[PDB]
Each structure stands twice: as structure tokens, then as C-alpha cells.
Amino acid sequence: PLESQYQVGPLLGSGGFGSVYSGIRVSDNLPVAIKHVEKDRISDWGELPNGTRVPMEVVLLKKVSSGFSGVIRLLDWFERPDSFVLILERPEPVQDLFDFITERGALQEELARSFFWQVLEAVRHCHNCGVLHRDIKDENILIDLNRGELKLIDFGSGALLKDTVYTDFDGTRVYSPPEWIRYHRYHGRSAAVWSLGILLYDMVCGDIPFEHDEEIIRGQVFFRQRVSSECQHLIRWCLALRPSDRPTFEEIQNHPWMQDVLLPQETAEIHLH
């Protein structure tokens, strides 16, 4: 019975992903997040190592949950008649990147550098564990306001990482690559890099670069804020129209703009405290 193991708090939010509540594990008072997703709303299903029907999200989460905490870890999960309930780690105090950007405006490049680097590390961790997130965006990353550490959330649109083409997509369209818009086909890593380009622009400009399909397809970036030439270059590289023209993750992290990143703690002391 999960109803007695957890003290349910306020609704943190709801949307396509379902409904997520703040919670507290009664045994040790550990802060937690409680996510409800209706079975009717789940189209992507997977198999547990012990042979059982579970949402793919659970499968993916299990594969990425462990030491490296760039990703919010799954602590436990329950099946109900018409829904699944996930119990997830919850940092405190916390704010998602979307709200942070909204309230603070465009981020100083030193801050964006640290945040972007942490996201890259988190995404690399996922890929190394055979998991593709498919919905990297500011709304899906949490900021531990005390430690300056970022955490990736919501694998409800994710999939197992593969080297062949994806022909399905239920992520955020304005973060999706031109090859999806045009051909309904994309490969995991190169598509991820595109979304990262969108994210980086978002960090240093205060808003997303594209709104309509035609803009994504044209792939022309204009800067509304003062942004260094190095940063502009990295962004334009990630947003290359041709997937094969985009940088690998190693290439991104070796880019000149990516050098001399602050540690999470230093980042918090300077920018969050």
C-alpha cells in the first residue's frame, strides 16, 4: 500500500506526462515526487527483466537509476487498476529551468556554461545506459538551488537507444529536428544534439529560437541578446540542418565555449546564493 508509505503533498504540476505531486516517505521523511500516469494514456510499453508488463518509462528509469545523479532516480513504483504510480527522488529546494529562465531572463554565459555542461553529462549518462530521453528542454530539467546541480526528468517520451531510424516521436515539436518535421525520421544522438542546440539558445537568449515548422526547416538563427561568437558558433553547429553536420557529444564538450566550466558548487555560490 503506497497510500500509507507516503504523505502526499501539493500538486507540483500536470500535463501530457500526467500528474506529479510533492511527497514525503514516511519511514525517513525523504522528500519525494509522486507521478501518476493513466494506462489509457500509455502507448509505449516495455518488459521488466523478470517478465512483466510495465510502461517503457519505468524500464528506462531503471536503466539510468544509480550513482550518477544527473538524472532524477526512480525509487519505487506501483500498479493500480487504471494507472501507474512512480515514486521519484525530489531535490529541495528546487526550481525547473523554465521558471528559472523566465524569472531571471537570459542567463549569463558563465552560468549557462555550467548548466549546459551538466545537462550534457546527464544526457551522456542516459545514452551510456542505453536510454534516449527524446524530450530535452528547460521544463524537463530541475535545478537544485542549494547545490547548483541540474537533474533530468520525465522519460515518458523516451525510448531504448538504437542505431537505426526512429519513425515515432511524442516529444516537444519546437525542440524536434528538421528531419522529423520533413521526413518523420531521425536518429537518436543527432536529434538529441539538435534539441540541445535549442536548449542552449534558450539559456542565453531567454527564449526558444523557433516557433513554426517553416522556421525549424529554414534553420536560421537570430540572436536577440548579446551572445559571444563562440557560443553562437556552438549553437549554430548543434542546429545544423543536416544531422551529419552536427557535433558529437565529445565535440560539443571540447568546443572552445565549453572550456573552464565551473563545478556545480562554485556555480551555486556565485550565481544562486
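Start at 1 and count along the sequence shown; that's the residue number. Rigid core here is just the name for the largest C-alpha set that superposes within 1.5 Å across the two forms.
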Please indicate which stretch deviates more in 4 other deposited structures of this protein: 30-38 or 46-54, judged by C-alpha RMS distance after a core superposition? 46-54
Figure out for me whether 132-140 or 67-75 is the more displaced stretch in 4 other deposited structures of this protein, taking RMS C-alpha distance from the shown form once the rigid core is superposed. 67-75
Between 263-271 and 3-11, the record assigns the higher mean Cα B factor to 3-11
Got a sec? Mean C-alpha B-factor, which is higher, 226-234 or 25-33? 25-33
If I read the C-alpha B-factors straight from the PDB entry, which of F78, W180, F100, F115 is highest? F78
Considering only modelled residues of the same chain, in which third does the CA B-factor of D144 rank: lowest, middle or highest? lowest
Based on the deposited C-alpha B factors for this chain, I'd like to know if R41 is in the lowest, middle or highest third. highest
Relative C-alpha B-factor of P243, binned into the chain's lowest, middle or highest third: middle
Could you say whether, by C-alpha temperature factor, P49 belongs to the lowest, middle or highest third of its chain? highest
Lowest, middle or highest third of the chain for the C-alpha temperature factor of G130? middle
